[PDB]
Amino acid sequence: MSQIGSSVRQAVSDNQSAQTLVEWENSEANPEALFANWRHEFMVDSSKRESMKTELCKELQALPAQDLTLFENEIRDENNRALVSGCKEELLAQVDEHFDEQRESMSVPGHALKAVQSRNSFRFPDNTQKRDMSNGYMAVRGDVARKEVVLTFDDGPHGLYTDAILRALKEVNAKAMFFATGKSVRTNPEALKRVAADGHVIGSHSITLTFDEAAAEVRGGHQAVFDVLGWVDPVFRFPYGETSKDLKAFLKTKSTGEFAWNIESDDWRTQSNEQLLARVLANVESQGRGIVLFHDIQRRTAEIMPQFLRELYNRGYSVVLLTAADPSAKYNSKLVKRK
Ligand SMILES: [Mg+2]
Ligand SMILES: [Zn+2]
């Protein structure tokens with residue numbers, strides 16, 4: 001199996017050795033990238049298909065279940081159906097059994113795959129705060145008060161996990177900001193509509209360039225949201241670590257807020273549910289307030305969301321939604337083409 005096995009082991013290794021999100025973003029063995037390349041190889045040489053399948057299955061089946069979670073989204077992705085058809089059910093049983101075991105030790109269990117009403121029976125107060133985005137806006141902590149946090153979710157919607165996150169938020173009257181990506185929106189428009197219907201803010205996150213190529217990436221995610229909903233909030237998040245002064249100026253000209261964050265979840269890193277809750281809550285406490293970075297495409301984030309929300313409440317934190325001061329801004333984005 002050596003090249004496929006080497007790449008599988010490399011994904012796991014790089015995920016553990018990365019010190020930051022940006023470093024992990026720099027990996028050459030990101031599972032999404034690995035499977036995009038395998039789909040291409042599979043397409044272009046039919047003589048290699050059966051051996052790719054047997055090898056991929058053997059190498060993924062060799063992983064400990066917790067490590068296998070790194071590849072879960074690729075295994076679930078119907079685009080990869082032919083690659084994993086030989087072992088999909090078995091792999092997903094291993095991952096599902098892992099999250100079953102993880103759930104046992106939680107006082108407020110969640111479930112990313114099915115609709116569960118958690119044990120949460122509290123309600124965060126409404127707390128929506130307006131920001132003038134007409135000549136842009138740079139958010140790090142978002143100008144919120146002590147013990148206020150803004151929950152933000154990148155790269156969705158996912159076909160399953162986002163709805164679990166929505167259920168968790170709704171149960172406790174929490175609102176959030178979603179920075180959707182074009183690819184996810186095109187795959188899952190009905191899920192995006194459910195996010196919209198639950199009162200959340202929805203902007204975009206680009207994913208990869210010359211200035212014009214980068215600007216086109218900024219427009220494209222915004223356009224995808226707009227094409228589904230008839231609006232897109234004037235909020236945008238760069239590809240992590242982007243420093244371009246030109247793109248920052250562009251956003252201001254285009255009356256769109258630029259959202260960074262100050263509270264890391266590290267939810268990109270394979271880890272136990274326990275570890276993830278500990279890291280994100282330690283960072284909430286360390287910072288005291290601000291903007292939290294989650295990914296609604298990360299299963300484990302959906303699994304821990306009810307528990308996370310209960311701990312925010314227990315710890316005296318309140319959830320804030322940031323939104324444009326101009327309620328019409330979402331219908332008149334300078335990043336989208338009408339009609
Ligand atoms: Mg505004
Ligand atoms: Zn992202």
Side-chain angles (χ1 to χ4, degrees), residues 124 126-140 142-144 148-158 162-163 165-166 169-170 173-207 214-239 247-261 291-297 319-339:
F124 287 111
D126 293 334
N127 198 336
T128 297
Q129 294 179 33
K130 295 173 186 177
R131 301 291 177 263
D132 179 4
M133 298 181 205
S134 64
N135 184 65
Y137 173 64
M138 175 73 228
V140 177
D143 305 295
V144 300
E148 292 184 341
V149 298
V150 183
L151 304 185
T152 77
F153 293 92
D154 285 5
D155 294 333
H158 191 267
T162 297
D163 287 309
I165 287 162
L166 292 178
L169 294 168
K170 186 175 177 191
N173 190 47
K175 302 296 185 298
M177 307 178 79
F178 293 75
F179 296 88
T181 209
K183 181 178 185 299
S184 293
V185 171
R186 288 187 288 276
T187 302
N188 305 300
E190 297 299 315
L192 191 73
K193 294 183 184 183
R194 298 187 289 272
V195 175
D198 279 6
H200 304 294
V201 161
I202 310 173
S204 74
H205 179 50
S206 65
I207 216 60
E217 284 277 13
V218 175
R219 284 201 162 78
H222 247 55
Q223 188 76 50
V225 172
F226 178 77
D227 288 348
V228 175
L229 301 177
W231 56 261
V232 55
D233 285 300
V235 304
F236 174 77
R237 178 165 286 161
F238 283 113
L247 291 165
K248 292 175 175 270
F250 170 72
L251 290 176
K252 300 178 58 56
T253 296
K254 301 298 178 182
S255 302
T256 301
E258 179 189 343
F259 281 75
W261 62 94
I291 296 174
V292 185
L293 178 62
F294 284 121
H295 298 80
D296 54 315
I297 63 164
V319 174
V320 172
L321 184 64
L322 300 175
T323 200
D326 180 353
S328 74
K330 66 197 299 188
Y331 298 102
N332 293 289
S333 176
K334 295 174 176 176
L335 297 174
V336 310
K337 297 185 68 165
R338 305 187 194 270
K339 129 164 220 50

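Sequence positions, counted from 1, serve as the residue numbers for this chain. Computation of the quantities below employed the complete heavy-atom set of this structure, encompassing side-chain atoms and omitting hydrogens, waters and symmetry-equivalent molecules.
- Partners of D155 by side-chain contact (heavy atoms from CB on, under 4.5 Å), not counting sequence neighbours, listed by chain and number: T181, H205, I207, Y240, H295, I297.
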As a quick check of understanding, evaluate side-chain contact (heavy atoms from CB on, under 4.5 Å) for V195 and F153, giving each step before the final call.
CA-CA 11 Å; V195 175; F153 293 92; over 6 Å; no
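- When all heavy atoms of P234 and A329 are compared, the closest pair comes out as CG-CB, 3.8 Å.
- Interatomic distance, NZ of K130 versus OG1 of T128, reported as 9.5 Å (0.5 Å rounding).
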Pair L166-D296, side-chain contact (heavy atoms from CB on, under 4.5 Å): steps then yes or no:
CA-CA 10 Å; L166 292 178; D296 54 315; over 6 Å; no
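- Side chain of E258 to main chain of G136: no donor-acceptor pair is present (N/O by atom type, distance under 3.5 Å, no hydrogens or angles).
- For the pair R131 (side chain) and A325 (backbone), a donor-acceptor distance under 3.5 Å is absent.
- For the pair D198 (side chain) and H200 (backbone), a donor-acceptor distance under 3.5 Å is absent.
- Looking only at distances, a side-chain donor or acceptor of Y137 sits under 3.5 Å from a matching main-chain atom of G142.
- Screening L293, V201, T152, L322 for a side chain to side chain contact (heavy atoms under 4.5 Å, CB included) with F259, the sole residue that qualifies is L322.
- Shown here for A224 and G182, the closest heavy-atom pair between the two residues is CB-CA, 3.9 Å.
- Side chains of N173 and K175: a donor-acceptor N/O pair is present below 3.5 angstrom, by distance only.
- With values rounded to the nearest 0.5 angstrom, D143 atom CG is found 11.0 Å from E148 atom CD.
- Between the side chain of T256 and the main chain of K254, a donor-acceptor pair closer than 3.5 Å is present.
- In this structure, the separation between CZ on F236 and CE on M133 is 14.0 Å, given to the nearest 0.5 Å.
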side-chain contact (heavy atoms from CB on, under 4.5 Å), that's the test. Do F178 and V225 meet it? Break it down for me.
CA-CA 11 Å; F178 293 75; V225 172; over 6 Å; no
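- Heavy atoms only, all atoms of each residue included: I291 and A260 are closest at CG2-O, 3.7 Å.
- Residues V228 and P189 come closest through the heavy atom pair CG1-O, 3.7 Å.
- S204 approaches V218 most closely through the heavy-atom pair OG-O, 4.0 Å.
- Between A215 and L247, the closest heavy-atom pair is N-CD2, 4.2 Å.
- Looking only at distances, a side-chain donor or acceptor of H222 sits under 3.5 Å from a matching main-chain atom of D233.
- Proximity of the aromatic rings of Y331 and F226 is defined here by a centroid distance below 6.0 angstrom, and this criterion is not met.
- Considering CE of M177 and CG of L321, their distance stands at 6.5 Å, rounded to 0.5 Å.
- Using a 4.5 Å heavy-atom threshold, the side chains of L335 and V232 count as separate.
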Walk me through it: do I202 and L192 pass the test side-chain contact (heavy atoms from CB on, under 4.5 Å)?
CA-CA 9 Å; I202 310 173; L192 191 73; 3.9 Å; yes
